[PDB]
Structures are given as structure tokens and as C-alpha cells.
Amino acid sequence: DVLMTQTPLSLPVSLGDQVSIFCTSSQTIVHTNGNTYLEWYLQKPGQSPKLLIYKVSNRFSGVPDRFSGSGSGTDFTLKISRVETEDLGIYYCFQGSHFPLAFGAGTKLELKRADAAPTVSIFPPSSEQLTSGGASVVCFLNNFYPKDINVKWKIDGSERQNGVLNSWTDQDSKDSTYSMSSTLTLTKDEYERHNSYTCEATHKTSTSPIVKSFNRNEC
């Protein structure tokens, strides 16, 4: 089986930028008829994927002159000479020279902007959930940049790696930042077995984690 490897999984760019996205095949991808069936697709948010390039270098009719494909052997490249706002989305490479046909993981074309430390907010269980016998400790790390971030929970001083559900938003269309939610889900009794609940955020901006917490009995 021929596997396609894409890099990077996220390419932050400034509009006007000339960019190059790469794709690596586990081995040579030349069909027995001599053609290389390497295709490039762009999927715009909310839409289905669209063809850009076929057979390595052929630009699909109707596709802007700023897109172009190249490569040989196991190395392939998609080029965009001058990035526009419309080009933002995820690009996928694909090989159909050998079966099974294989897709690359995709590379997200995202926008660059100034670094942004996240605003961290921690929320103790609501009395209604408690009343229903549940206890969810939510934490929001909002509007940060770059998207890379680590969240750590500490219950009564000790780290809690188990039972954490995290979700991330796509880059904001207005401020180009990113946000994430982390929810520690416990039981009413489990939650009442401790007093301190802490949410720590490690962003390339703070190093020493942004720390937020509360005590089940005081504030």
C-alpha cells in the first residue's frame, strides 16, 4: 500500500505570500501506463473538495493561475504564488497510481497574526447538574495565537489526566485567534471528594502556565 504523507498539517500564512505544501508517498507512484496520478484538492469550509491539479502538474480548467503542481519520485509539491483570502482551507494530495488509492492527511492553510495569550476561565459545576447528581468542571482558553496549546487539570493539587474532554474552534474569522474548551466530567460525590480544581494553560506566550482555579467551599 502506498501511503501519502502531508506537511505541514497547518501552514500559517499572510495574504500575498508565495507558499509550497508538500506530500510524500511511501514509494514511487507511477502507473504501469507511465502516468503519475497525483491529484491536489482544496476543500473550502462548508464545501466539498474541489480539483486543483491532476497528474502532478496539470492545472484543472477553471483553477486560478496561482496554483501549480510539481514533484517526482516520492516528493510532490503544491504551489500558490500569491495567497488570497479565498485560498484558505485544507489542501489534500492524493495518489491513484496504485491500489488502494490513497489520500494525504491534508494541510490547513491558515492566517498569520500577532501572538495572543489565551484568556482562561474556569467554571465549577452548576447547582442544577449537582442537583441532578452530576459535576462538570469547564474551562475556556479563549482567543489565543498560535493555535498550539496545552491544558492541564489539578484536583486538590494533583494532576488529573483522566476524564477530560477538549474541543477546539476553527481560527476566528474576525480576530484570527483560536479558542478551546476543556471539560472535566465527574460525579456529584467525586466532585465533593475534593476542594481545589485548577485549570492550567501552557501557551508559547506564558511558559509558566496561566493558572485559574476555585475551591468548592470558598469562592
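Residue positions are given as counts along the sequence shown, with the first one as 1.
Per-stretch averaging of Cα B factors for 63-71 and 157-165 places 157-165 on top. If you average the C-alpha B-factors over 169-177 and over 30-38, the higher value belongs to 169-177. Taking only the listed residues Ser182, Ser57, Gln47, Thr185, the entry reports the highest CA temperature factor at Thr185. Of all the options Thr119, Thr77, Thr85, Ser97, the entry's greatest CA B-factor is assigned to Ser97. In the PDB entry, a CA B factor belonging to the lowest third of its chain's modelled residues is recorded for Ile210. Annotation for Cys93: C-alpha temperature factor in the lowest third relative to the rest of the modelled chain, per the entry.
Sort the modelled residues of the chain by CA B factor and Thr107 lands in the lowest third. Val2 sits in the highest third of its chain by CA B factor, as recorded in the PDB entry. When the modelled residues of the chain are ordered by C-alpha B-factor, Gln18 sits in the highest third.
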